[PDB]
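Engineer:
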Amino acid sequence: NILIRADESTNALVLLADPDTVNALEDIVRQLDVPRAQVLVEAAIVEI
Amino acid sequence: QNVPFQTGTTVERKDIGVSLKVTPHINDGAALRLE
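Here is the structure:
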């Protein structure tokens with residue numbers, strides 16, 4: 323059996339699985355939770 | 467202030496002045512997200 327349910331309050335995830343499936347879902351989660359990247363955009367306009 | 471503005488005369492109330500609306504998302508540690 324396999325049960326993954328959510329919680330949007332503390333943003334958490336409740337897993338219920340056998341420990342091999344627990345390690346596989348940890349491998350999924352550790353490769354889907356990354357800090358994303360930022361861009362500073364400087365647009366410039368010249369008119370003569 | 468809070469001012470009226472015409473949408474026709489069918490005027491409406493609307494807020495004017497310094498304003499801020501934050502929505503965070505907080506990791507257990509560093510690198511918070513802000514909206």
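In order, the protein sequences belong to chains U and G. When you number the first sequence by UniProt numbering, it's gap-free, plus one each residue, and the end is 370. All the letters of the second sequence, read from the start, carry residue numbers 467 to 474, 488 to 514 under UniProt numbering. The beta-carbon is built from N, C-alpha and C at its ideal position, and this holds for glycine as well.
Determine the extent of the beta strand (DSSP E) in which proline 470 of chain G is found, giving its start and end residues.
Structural biologist: Stepping through the second sequence from its first residue, residue 470 of chain G is reached at position 4. Looking at the DSSP string, the run of the beta strand (DSSP E) that includes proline 470 of chain G is 468 to 471.
Engineer: Anything in chain G within Cβ reach of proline 357 of chain U, meaning under 8 Å, just list it in chain order.
Structural biologist: Against the first sequence, residue 357 of chain U aligns to sequence position 35. Those are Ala510, listed as they occur along chain G.
Engineer: Cβ of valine 356 of chain U versus every heavy atom of the ligand GTP: is any distance shorter than 7 Å?
Structural biologist: Ligands displayed in this structure: none; no statement on the ligand GTP is therefore possible.
Engineer: If I measure Cβ to Cβ from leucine 337 of chain U and keep anything under 7 Å in the same chain, skipping five residues before and after, which residues do I get?
Structural biologist: On the first sequence, residue 337 of chain U is found 15 positions in, with the first residue counted as 1. Once the five neighbours on either side are set aside, the close Cβ partners of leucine 337 of chain U are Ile326, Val344 and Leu347.
Engineer: Among residues of its own chain, excluding the 5 on either side of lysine 493 of chain G, which ones have a beta-carbon nearer than 8 Å to its beta-carbon?
Structural biologist: If you number the second sequence from 1, residue 493 of chain G lands on position 14. Taken in chain order, the residues that qualify are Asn468, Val469, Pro470 and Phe471.
Engineer: May I have the straight-line CA-CA distance separating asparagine 506 of chain G from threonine 488 of chain G, to the nearest angstrom?
Structural biologist: Here residue 506 of chain G refers to the residue found at position 27 of the second sequence. Here residue 488 of chain G refers to the residue found at position 9 of the second sequence. The alpha-carbon atoms of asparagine 506 of chain G and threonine 488 of chain G are separated by roughly 49 Å.
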